[PDB]
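Everything on this sheet refers to the single structure shown next.
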Amino acid sequence: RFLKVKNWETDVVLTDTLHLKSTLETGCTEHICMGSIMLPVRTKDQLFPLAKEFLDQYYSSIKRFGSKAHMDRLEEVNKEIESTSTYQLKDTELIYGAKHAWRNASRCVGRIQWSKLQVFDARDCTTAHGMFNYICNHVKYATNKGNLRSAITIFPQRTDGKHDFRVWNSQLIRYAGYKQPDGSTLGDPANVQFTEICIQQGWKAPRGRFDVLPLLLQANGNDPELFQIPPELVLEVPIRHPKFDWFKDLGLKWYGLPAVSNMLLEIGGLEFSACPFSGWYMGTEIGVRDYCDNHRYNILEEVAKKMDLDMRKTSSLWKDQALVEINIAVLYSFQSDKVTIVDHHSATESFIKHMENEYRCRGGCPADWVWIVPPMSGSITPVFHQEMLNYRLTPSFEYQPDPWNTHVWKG
Amino acid sequence: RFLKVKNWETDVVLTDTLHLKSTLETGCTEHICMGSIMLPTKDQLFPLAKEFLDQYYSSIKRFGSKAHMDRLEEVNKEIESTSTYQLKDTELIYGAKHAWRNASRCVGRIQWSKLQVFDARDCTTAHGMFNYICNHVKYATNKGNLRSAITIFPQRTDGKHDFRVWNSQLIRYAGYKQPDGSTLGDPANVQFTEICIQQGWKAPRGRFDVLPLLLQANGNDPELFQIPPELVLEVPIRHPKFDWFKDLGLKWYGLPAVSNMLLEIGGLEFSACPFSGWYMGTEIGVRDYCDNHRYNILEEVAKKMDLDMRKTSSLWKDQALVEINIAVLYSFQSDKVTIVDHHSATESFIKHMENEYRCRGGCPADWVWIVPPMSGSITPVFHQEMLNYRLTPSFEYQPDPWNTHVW
Ligand code: HEM
Ligand code: HEM
Ligand SMILES: Cc1cc(N)nc(CCc2cncc(CCc3cc(C)cc(N)n3)c2)c1
Ligand SMILES: Cc1cc(N)nc(CCc2cncc(CCc3cc(C)cc(N)n3)c2)c1
Ligand SMILES: Cc1cc(N)nc(CCc2cncc(CCc3cc(C)cc(N)n3)c2)c1
Ligand SMILES: Cc1cc(N)nc(CCc2cncc(CCc3cc(C)cc(N)n3)c2)c1
Ligand SMILES: OC[C@@H](O)[C@@H](O)[C@H](O)[C@H](O)CO
Ligand SMILES: [Cl-]
Ligand SMILES: [Cl-]
Ligand SMILES: [Zn+2]
Ligand SMILES: [Zn+2]
Ligand SMILES: [Zn+2]
C-alpha cells in the first residue's frame, strides 16, 4: 500500500511506504482520532521475533543481509534467549539502535541530526554512584563549553522488572519548584512533586527561583540515592534583550543542556529503562513553554507591564507582543554567550528538508504534527502546511510512568 | 471504550461518552494516525432517517411518543414510495444547528444554537438562488453587527439535478496570473477566476476584486451574478501606531461565508447550503495575509518596520506577524464590524467544550484546526486534549463542481 501526503503551501506530494513496517498501535481507530492525547518482563515467545526483526534491520543497514555473519548472529541470539531468557546487544547494534530510536521519534523536530549521536555504553554500571559518574561525564561531553553535542548514555537493560535502572529526574538538569503555604510557587511549578521527594530523601534545598535539582538515581532496583551535579558542569545563560535594558533585571536565566532522562529505549525487544539523552534547545522551548506556560514561570504579565503594552483587552495582542520579545531575548542571549540554540524557523526548515530526504531514501518519516509545529507562529513555519503521518517504528523511545509511583521501597 | 481527556494546564479531566454515537470514519487506524491530513438507496436511507428522527424526538423530550412513532412511520412510507423524504421545518432547523454543533474544526461553536436558518427549498432557478444569497448577505452583515446564518437550497435527488454554489466562499477576491509570472490578487482563486472569465465575467483586474457568484440550479449549467457592491461590507486595514500601514493599500471583507460544503441531515444531502459567521482575526491577519501562497505580505511589512531581515533568529517574521494581526483587529473594531481575537475565541471554546461535556457527554474537536495559527500555546486550547470523531448531522467537504459537472 501507498499513502500520500501533501504540502498545502508547495503542492508537493510525497508517498509513504515505510508505514508498512509499523507494528505498535497509535491509540486511534476508524471511529476516533486520538492525535492530541499526550498518552494514548517479556516472555521468550514474544522476544525472539522482536530480536529477529531488529537484527534483520541492522544487517540490511550494513548491506550484510542473509550473510553467514547475519545468520550466525540470529542463531547466537536464539540460543542466548532460549538459555538465559534474554540476550545482549553487540556495541555496534546498540549504537545503531539508539540512533534509530531518535530517527523514529515522531515528536522530534530535530531529527535531521539523528545520525550524529554520541553513544555512551554504560551497561557495565552496577551502582547509583556509578550512574552519577557516567551522567557527569555525559553532561561535560554534551555541554562542550557551549558547543553542544548530542549524546545518550545507556544503562543496563531490564531483566525481571524488579532490578530496573532509573533516573528519577525527568531531565538531567532542571530547576526546583517549591509550593508555598499561601499557594504560590517559588521556582518551577513543573517540578514541585519531584522537589518534595528530593527534600524527603535529604536534599538541603536553597529555596531560590533557579535551583538546579540533585540527581536521584536508582541502580539494579535499589532505592534511589541523591547526588549533586558539580555546579561547574552546569552551563547557564542569563537572559537579556538586545534593545530592552530592563529585561536582565527580571533575573531570568536558563540552562544550556536539554537532557531527557525519564524515557524508555526499546531495541530488539530489550528495554533500557535508564537512557538519558540530550541535544540542544529550540528557542521556543524556553521562551514559549518554560517561561510563558501559565503553570511554568508564567512571565507574560510582568514582561508586558515593563513594555507598557495596553493590557486592558486581549485584542491589543499584548500577550503576543510580549511573547515575541521574550523569544528574541532567549535567542540573543544564547547566541551572545556562544551556546548552541536553534530558532523555530531554522529548525522547521531543516526538518522539512530532513523529512523529504527520508521519504526518498527510506519511504517515510513518521511525524506528530501536534508536537512538530512550534508553539508560536505556527503557520509561518513550513511544517504547519505539511501533512504528516504518525505511526510507531522500533527501535523507539517510550514514555514510562514516574518511578515514585511504581517503586518498591526496600527501606 | 469510555474515554478521558485531560487539560495539561489545569489538570481537569473530562470523560467522553458521545464518541460512541460516532458514525462516519476518521481515516485513522490502529496502525496510523491521519490527524493532520486535510482530506482523510431506499435501503440505506431509512436507517439514517431513523437515527436522525430518534435524536430529534429525544431533543424535544418526546422519545417513544405517538408523535415520534407516527413521524417515523410517515417517513418510512414516504421513502418506500418516493425513494426520498422531506424534512419538517422544525427538523431542518434542528439539523442545521446540529451540523454546526458537530463541526469538529470550528472554534466558534459556543454560538451554535443561535443560527438563523433560511429555508430556500422552494428555490428552482439560479436567479432565485441569487436573490436568496443577497438576502442572506444583507441579513448576516447587518451593517457590521454580524449574525450567523445558513441558507439551505433543495436537497439532492438523483444527483444529476444538484444545486451548487461554485464559489468556495460567497465573498472572495479574484486572482490573476500575470505576464510577469507573479500573481495579482488572491492566488487561492486563480482557477475559479479563470472559469468566471471563460463564462463571460468582465474581470476588473485589480488586487481585491470581489468575485461574481456562479450558481447552479437543478443540475443546470451554472450562471453568473454579481453581488450588489453595496451589500459587500469591506474594511480598509490600518494600524493604531504605524501611520504607514494604510499605505500598503490592504482591505478585507467583513463576512466569512462558506459556500462549498455539503450539509447532511437524516441521510438527506444539501449540496448548496452557504453559511456564515464572523471572523477570528488570525484568519485574515495570519492565514489570508501571511500564507506564502496567499497575499504573502510579511516581507513588505517587515521592510516598512525596518527589522533586521538578514537572519531568522531576529524573529523579524514573528514581529511583523503580530503587527499585522494588531492592525486587522484595530481596523474591524474601529469600523464597528464584528470580529473576535484568538484569545477571546479560544477561551469561549473551552467554556463551550466544558458545557458540552456536562450536558452532552462530549464535544468532537480537531486540535490541528482549533489551535490558532499563531501564539498557539498561550491560548487555552493548546493544552487541552481533544477527541476527534464524526457525528451527523454534518458539514462535509465536497469536490469543486467543475471537476464534476457535465456541461
Ligand atoms: C539536537 C538537537 C535537538 C533538537 C533541537 C530537538 C528538538 C525537540 C523538540 C522541540 C521537541 C518537543 C518538545 C516540545 O514540544 O516542547 C523534541 C522532542 C523529542 N526529541 Fe528531540 N531534539 C533534539 C535532539 C534529540 C535527541 C539527541 C534525541 C534522542 C537521541 C531526541 C529525541 C526526542 C524525543 C524522544 C522527543 C519526545 C520527548 C517526549 O515525548 O517527552 N531529540 N525534540
Ligand atoms: C460565528 C462565528 C464563527 C467563528 C468565529 C468561527 C470560527 C471558525 C474558524 C476560525 C474556523 C477554521 C478556519 C481556519 O482554521 O483557518 C472554522 C471552521 C469551520 N466552521 Fe466556524 N466559526 C463561526 C461560525 C460558523 C458557522 C455559523 C458555521 C455553520 C453554520 C460554522 C461551521 C464551520 C465548519 C463546517 C468549519 C470547517 C470548514 C472547512 O472544513 O473548511 N462556523 N470556524
Ligand atoms: C506527560 C508527558 C508525556 C511525554 N511523552 N513527555 C512529557 C515531557 C514533554 C517534555 C517537556 N519538556 C521538555 C521536553 C524535552 C524535549 C527535548 C528533548 C531533547 C533531547 C532536546 C530538545 N531540544 N528538547 C519534553 C510529558
Ligand atoms: C507530567 C506533566 C504534568 C503536567 N501537568 N504538565 C506537563 C507538561 C505538559 C506540556 C506542556 N507544554 C508543552 C509540552 C511539550 C509537549 C507538547 C505538547 C503539545 C500539545 C504540543 C507541543 N508542541 N508539545 C508539554 C507534564
Ligand atoms: C482542501 C480543504 C478542505 C476543507 N475541509 N476546507 C478547506 C477550506 C478551509 C477554509 C479556508 N478559508 C476559510 C474557511 C472558512 C472558515 C470560517 C467559516 C465560518 C462560517 C466562519 C469563520 N470565522 N471562519 C475555510 C479546504
Ligand atoms: C483547495 C486548496 C488548495 C490549496 N493549495 N490550499 C488551500 C488552503 C489551505 C489552507 C491553508 N492554511 C490554512 C487553512 C485553514 C485550515 C487550517 C488548517 C490547519 C492545518 C490549521 C488551522 N488552524 N487551520 C487552509 C486550499
Ligand atoms: O515534579 C515531577 C514532574 O517534573 C514529573 O512528573 C514530570 O512532569 C514527568 O516526569 C513527565 O516528564
Ligand atoms: Cl508549550
Ligand atoms: Cl494558515
Ligand atoms: Zn488519529
Ligand atoms: Zn506548554
Ligand atoms: Zn495557512
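Scheme for the C-alpha cells: letters A, B, ... for chains in order shown; per-chain residue numbers from 1; ligand numbers from 1 in order shown.
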At a cut-off of 7 Å and counting only C-alpha atoms and all ligand atoms, what residues surround ligand 9? Please answer as number ranges by chain.
A: 379; B: 286-287, 291, 373
Please, which residues of chain A lie no more than 6 Å from chain B when the count uses only C-alpha atoms, and can they be set out as a ChimeraX atom specification?
/A:25-26,28-37,315,343,375-379,387-391
Could you list, as a PyMOL selection string, all residues that come within 7 Å of ligand 7? Count only C-alpha atoms and all ligand atoms.
chain A and resi 169-170+190-195+262+402
All residues 10 Å or closer to residue 285 of chain A, only C-alpha atoms, same chain fewer than 6 positions away omitted, as a PyMOL selection string:
chain A and resi 258+291-292+327+330+343-344+374-375
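For segment 230-296 of chain B, the set of residues given strand (DSSP E or B) by DSSP on the backbone reads residues 234, 235, 236, 251, 252, 253, 257, 258, 262, 263, 264, 265, 268, 269, 270, 275, 276, 279 and 280 of chain B.
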Return as a ChimeraX atom specification the residues of protein, DNA or RNA that approach ligand 2 to within 6 Å, with only C-alpha atoms and all ligand atoms taken into account.
/B:100,103,105-108,148-150,275-280,283,369,395
All residues 8 Å or closer to residue 301 of chain B, only C-alpha atoms, same chain fewer than 3 positions away omitted, as a VMD selection string
chain B and resid 245 297 to 298 304 to 305 320 324
Just to be explicit: take each residue in the selection above, keep N, CA, C and O atoms, and write the result as an mmCIF file, in the first residue's frame.
data_model
loop_
_atom_site.group_PDB
_atom_site.id
_atom_site.type_symbol
_atom_site.label_atom_id
_atom_site.label_comp_id
_atom_site.auth_asym_id
_atom_site.auth_seq_id
_atom_site.Cartn_x
_atom_site.Cartn_y
_atom_site.Cartn_z
ATOM 1 N N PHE B 245 1.016 52.016 7.704
ATOM 2 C CA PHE B 245 0.370 50.730 7.408
ATOM 3 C C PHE B 245 -0.753 50.870 6.365
ATOM 4 O O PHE B 245 -0.914 50.010 5.501
ATOM 5 N N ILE B 297 2.336 38.943 2.647
ATOM 6 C CA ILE B 297 2.751 40.335 2.835
ATOM 7 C C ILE B 297 3.837 40.521 3.894
ATOM 8 O O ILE B 297 4.196 41.659 4.188
ATOM 9 N N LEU B 298 4.327 39.425 4.490
ATOM 10 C CA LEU B 298 5.286 39.533 5.597
ATOM 11 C C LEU B 298 6.503 40.380 5.296
ATOM 12 O O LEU B 298 6.826 41.292 6.063
ATOM 13 N N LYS B 304 8.986 47.827 5.994
ATOM 14 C CA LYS B 304 8.466 49.115 6.470
ATOM 15 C C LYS B 304 8.737 49.365 7.972
ATOM 16 O O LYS B 304 8.842 50.518 8.414
ATOM 17 N N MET B 305 8.857 48.282 8.733
ATOM 18 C CA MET B 305 9.198 48.335 10.154
ATOM 19 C C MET B 305 10.703 48.458 10.380
ATOM 20 O O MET B 305 11.144 48.619 11.524
ATOM 21 N N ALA B 320 6.604 41.112 12.653
ATOM 22 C CA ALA B 320 5.709 41.636 11.628
ATOM 23 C C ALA B 320 4.337 40.936 11.687
ATOM 24 O O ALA B 320 3.307 41.557 11.504
ATOM 25 N N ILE B 324 0.709 42.896 11.990
ATOM 26 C CA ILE B 324 -0.351 42.706 11.003
ATOM 27 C C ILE B 324 -1.669 42.308 11.684
ATOM 28 O O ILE B 324 -2.759 42.825 11.347
#
Apply DSSP to the backbone of this structure and, from segment 107-242 of chain A, keep only the residues in helix (DSSP H, G or I); write these as a PyMOL selection string.
chain A and resi 111-113+128-146+189-200+231-233
